[PDB]
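Below, chains carry the letters A, B, ... as their sequence lines are ordered, and counting in each starts from 1.
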Amino acid sequence: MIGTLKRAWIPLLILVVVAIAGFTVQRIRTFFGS
Amino acid sequence: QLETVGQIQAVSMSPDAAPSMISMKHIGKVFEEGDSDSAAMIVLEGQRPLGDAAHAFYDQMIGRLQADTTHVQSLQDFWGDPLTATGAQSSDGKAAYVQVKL
Amino acid sequence: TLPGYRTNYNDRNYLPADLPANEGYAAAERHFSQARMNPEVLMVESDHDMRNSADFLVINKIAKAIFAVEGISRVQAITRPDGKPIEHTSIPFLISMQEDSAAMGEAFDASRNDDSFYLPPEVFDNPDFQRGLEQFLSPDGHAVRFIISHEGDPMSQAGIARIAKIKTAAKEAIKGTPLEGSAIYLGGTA
Amino acid sequence: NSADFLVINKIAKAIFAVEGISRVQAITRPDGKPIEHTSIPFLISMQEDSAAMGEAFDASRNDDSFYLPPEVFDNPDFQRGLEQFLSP
């Protein structure tokens with residue numbers, strides 16, 4: 001429902017950014033050594 | 001002070017998972033000459049070609065160096081050995097060196 | 001200006017030239033080269049005693065294959081104890097009117113021909129060989145190591161790109177030999 | 001003939017020297033391994049020394065020299081493999 005999702009859009013965007021960045025970081029953390 | 005603790009708890013330059021660090025540790029383990037990656041080079045250079053006095057001083061010096069078991073882990077002579085002596089000497093004969101593992 | 005950025009790993013370029021370490025660096029550069037004090041060590045670890053005439057052929061093969069890399073000078077092995085091949089090992093000495101064959105052999109030693117190599121099996125019981133055999137082969141003979149020097153700056157972008165080439169050359173030298181599948185370790189500063 | 005088999009061994013070695021290549025198989029190399037008794041200590045032929053040299057050159061597959069004398073083409077134990085690698 002849009003009325004309540006567009007009220008917490010900042011925490012949702014922060015969560016999306018944190019998730020994407022964390023997955024990309026844990027992916028890059030495996031390139032060294034191998 | 002901060003710098004005292006900083007020099008006390010210093011960390012290695014290279015990671016433990018570095019292929020070259022693993023390689024150096026394994027080379028030292030297999031050849032039984034220390035589990036370090038640090039090594040120094042004692043060069044001795046003269047204005048004239050190194051003769052027998054230089055060889056005697058070098059023998060006494062490596063005898064001294066091998067005694068300090070806590071710091072000097074090993075060394076590759078390569079100059080007290082007639083088979084390999086020319087590998088640790090310049091083409092002109094005025095310089096020689098020995099690698100010491102620390 | 002960013003797509004022209006080059007970096008450097010030689011720490012002695014960014015230090016005053018009046019440090020004792022740099023003084024000895026200069027003393028060594030006056031006589032050998034700038035890359036003699038920063039050698040690489042390559043170790044090939046097999047699963048059998050390599051102290052025999054059959055495996056020393058593969059060791060000489062590895063030494064030559066590493067020496068054939070572009071920026072490499074002064075590879076040092078047991079079959080090459082001073083970066084120079086052992087004398088009386090070229091093809092005019094596996095063959096043995098004798099003033100001709102002696103001239104051939106001594107012409108093959110004045111250039112360090114290095115096209116053939118045997119080292120008969122009576123070099124392993126020679127006492128004047130063991131002190132050098134302990135430097136290059138493991139105490140149980142299962143590993144052999146090579147000491148590699150660079151031509152220019154070891155810690156440049158080229159000296160760092162040479163590491164993969166050294167490893168590839170060592171891996172291709174043992175391809176198709178009884179030493180195939182051995183582990184190759186490369187340590188050093190570069 | 002013995003003259004062209006030298007070039008065949010040259011081609012085999014040159015292909016084997018490519019980086020990602022393993023197990024090149026030719027008539028001068030019938031199992032990816034060089035033929036024994038073809039290295040330089042066998043073109044040369046106190047004999048306990050030369051035999052040791054030859055058998056040290058066969059335990060490593062030295063592959064620095066190669067002849068195959070011309071009496072291998074009339075050897076019946078060679079034709080069944082000569083038909084696999086050379087045109088009829």
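- Surrounding CG of B:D16 are at most 12 heavy atoms belonging to other residues, nucleotides or ligands under 6.0 Å away.
- Distance check, rounded to the nearest 0.5 Å: OG1 of B:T70 to CG of B:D68 gives 4.0 Å.
- Annotation: side chain of D:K33 is in contact with side chain of D:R23 (closest heavy-atom distance under 4.5 Å).
- Looking at heavy atoms from C-beta onward, C:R145 lies in side-chain contact with B:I27 at the 4.5 angstrom threshold.
- Between C:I66 and C:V75, the shortest heavy-atom distance links the atoms CG2-CG2, 3.7 Å.
- Side-chain contact between D:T38 and D:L68 is present, with heavy atoms from C-beta onward closer than 4.5 Å.
- Rounded to the nearest 0.5 angstrom, C:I86 CD1 and C:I78 CD1 are separated by 6.5 Å.
- Side chain of C:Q130 to backbone of C:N126: a donor-acceptor contact under 3.5 angstrom is found.
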Listing, residues 4-23 of chain C side-chain donor-acceptor contacts under 3.5 Å, not counting sequence neighbours, or none:
unit_1	atom_1	unit_2	atom_2	d
C:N10	ND2	C:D153	OD1	3.2
C:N10	ND2	C:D153	OD2	3.2
C:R12	NE	C:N22	OD1	3.2
C:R12	NH1	C:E29	OE2	2.8
C:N22	ND2	C:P16	O	3.2

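- Summarising the geometry, atom CG belonging to C:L137 is positioned 8.5 Å from atom CD belonging to C:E134; distances are rounded to the nearest 0.5 Å.
- Distance alone, capped at 3.5 Å, is enough to place a donor-acceptor pair between the C:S182 side chain and the C:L179 backbone.
- Side chain of C:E180 to backbone of C:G176: a donor-acceptor contact under 3.5 angstrom is found.
- B:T69 contributes a side-chain N or O that, together with a main-chain N or O of B:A67, makes up a donor-acceptor pair within less than 3.5 Å.
- C:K167 contributes atom NZ, which lies 7.5 Å from atom OG of B:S23 (distance to the nearest 0.5 angstrom).
- Nearest heavy-atom pair across C:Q76 and C:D82 is CG-N, 4.4 Å.
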Using atom types as modelled, flag every donor-acceptor pair under 3.5 Å from a side chain in residues 36-47 of chain C to any protein atom, sequence neighbours excluded.
unit_1	atom_1	unit_2	atom_2	d
C:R36	NE	B:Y97	OH	2.9
C:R36	NH2	B:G87	O	2.5
C:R36	NH2	B:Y97	OH	3.4
C:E40	OE2	C:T189	N	3.4
C:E40	OE2	C:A190	N	3.0
C:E45	OE1	B:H26	NE2	2.7
C:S46	OG	C:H48	N	3.4
C:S46	OG	C:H48	O	3.1
C:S46	OG	C:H142	O	3.4

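- Atom CD1 of C:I95 sits about 10.5 Å away from atom OG of C:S90, to the nearest 0.5 Å.
- In the displayed structure, B:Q60 atom CD is contacted under 6.0 Å by more than 12 heavy atoms of other residues, nucleotides or ligands.
- Taking all atoms of both residues into account, the shortest heavy-atom contact from C:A63 to C:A77 is CB-CB, 4.1 Å.
- Residue A:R27 places its CZ atom among 12 or fewer non-hydrogen atoms of other residues, nucleotides or ligands, all under 6.0 Å distant.
- Residue pairs satisfying the ring-ring contact (aromatic ring centres under 6.0 Å, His included) criterion with at least one member in residues 65-88 of chain D, sequence neighbours excluded, are listed as follows: D:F5-D:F73.
- Within the 4.5 Å cutoff, side-chain heavy atoms of D:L43 are placed close to those of D:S65.
- Here the closest non-hydrogen pair linking D:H37 and D:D58 is N-OD1, 3.0 Å.
- Here the shortest heavy-atom pairing between C:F32 and B:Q89 reads CE2-C, 3.5 Å.
- With hydrogens and angles ignored, the 3.5 Å screen pairs a side-chain donor or acceptor of C:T177 with a backbone N or O of C:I174.
- Contact check on C:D49 versus C:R51 returns a salt bridge, with a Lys/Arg side-chain nitrogen under 4.0 Å from an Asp/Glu carboxylate oxygen.
- Within the 4.5 Å cutoff, the side chain of C:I148 has no heavy atoms near those of the C:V69 side chain.
- Proximity of a side-chain donor or acceptor of D:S45 to a complementary backbone N or O of D:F42 within less than 3.5 Å is not detected.
- Under 3.5 Å, the side chains of C:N113 and C:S111 contain no donor-acceptor pair of N or O atoms.
- The residues B:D35 and B:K25 are annotated as not salt-bridged, no charged nitrogen and carboxylate oxygen being separated by less than 4.0 angstrom.
- Counting heavy atoms from C-beta on, the side chains of D:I40 and D:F57 come closer than 4.5 Å.
- The shortest side-chain heavy-atom distance between B:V72 and B:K101 does not fall under the 4.5 Å cut-off.
- In this structure, D:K10 places its NZ atom where only 12 or fewer heavy-atom neighbours from other residues, nucleotides or ligands lie under 6.0 Å away.
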Please step through side-chain contact (heavy atoms from CB on, under 4.5 Å) for the pair B:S14 and B:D37, ending with a clear verdict. CA-CA 9 Å; B:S14 66; B:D37 78 324; 4.2 Å; yes
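- Figure legend: D:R29 and D:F16 shown as a cation-pi pair, the cationic atom lying under 6.0 angstrom from the six-membered ring centre and within 45 degrees of its axis.
- D:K13 places no side-chain N or O within donor-acceptor distance of the main-chain N or O of D:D64, the cut-off being under 3.5 Å.
- No more than 12 heavy atoms of other residues, nucleotides or ligands lie within 6.0 Å of CG in B:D52, so this atom counts as exposed by the packing criterion.
- In this structure, the side chains of C:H150 and C:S73 stay at 4.5 Å or more apart for every pair of heavy atoms.
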Would B:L75 and B:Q66 count as a side-chain contact (heavy atoms from CB on, under 4.5 Å) if you check the C-alpha gap in whole Å, the side-chain angles of each, and the deciding distance to 0.1 Å? CA-CA 8 Å; B:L75 54 89; B:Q66 295 182 233; 3.6 Å; yes
side-chain contact (heavy atoms from CB on, under 4.5 Å), that's the test. Do D:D63 and D:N9 meet it? Break it down for me. CA-CA 9 Å; D:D63 196 1; D:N9 193 227; 3.8 Å; yes
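- Atom CD of C:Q34 and atom CD of C:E151 lie 11.0 Å apart (nearest 0.5 Å).
- By the neighbour-count criterion of 12 heavy atoms within 6.0 Å, atom CZ of A:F23 is sparsely surrounded, having that number or fewer from other residues, nucleotides or ligands.
- Residues C:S53 and D:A56 approach most closely at CB-CB, 3.9 Å, considering heavy atoms.
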If you apply the rule side-chain contact (heavy atoms from CB on, under 4.5 Å), what do you find for C:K171 with C:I184, and how did you get there? CA-CA 7 Å; C:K171 186 185 176 181; C:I184 293 158; 4.0 Å; yes
